[PDB]
């Protein structure tokens, strides 16, 4: 079968594919709820309404409810993953220097700060250790996820 370390390396590619979405949210999706909503629409329309894709990535999509949460869905049989074990979740927060608050909540409140991202797979130990709470769970098994998503 495929080496789990090779699988992780392919999963890491998907994370790189999401970087422009993080950038778009930073520059054009975080000044207000209206901007975050527009950014969601703009991003999701890309790549035939899949956001981004590649040999290994089916889609990189922002939550349709405008929360800014990104789901990366992998092509299981190209990466080496279980058929239903193929997603990572990237959850954004605004850091005001002292506390983290979910992006959507912070933006609605006009809270200013920098944006932090938590990556979760079937497990969330790393994000938890980094102090993040409230993330939805992904589905990539932990042994196939890179460190920041375990």
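Positions refer to the first chain, counted from 1.
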**Complete:** Stretch with higher mean Cα temperature factor, 46-54 vs 96-104, is 96-104
**Message:** Using only C-alpha atoms and the B-factors in the entry, which stretch averages higher, 7-15 or 135-143?
**Reply:** 7-15
**Item:** C-alpha B-factor winner, where the candidates are 81, 118, 122, 70
**Value:** 81
**Asked** Can you tell me which of 37, 91, 26, 59 has the highest Cα temperature factor in the record?
**Response** 26
**Asked** Relative to the other modelled residues in the chain, which third contains the C-alpha temperature factor of residue 41: lowest, middle or highest?
**Response** middle
**Message:** Splitting the chain's C-alpha B-factors into thirds, which one does residue 66 fall into?
**Reply:** lowest
**Asked** Hey, what third does residue 86 fall into on Cα B-factor, ranked over its chain?
**Response** middle
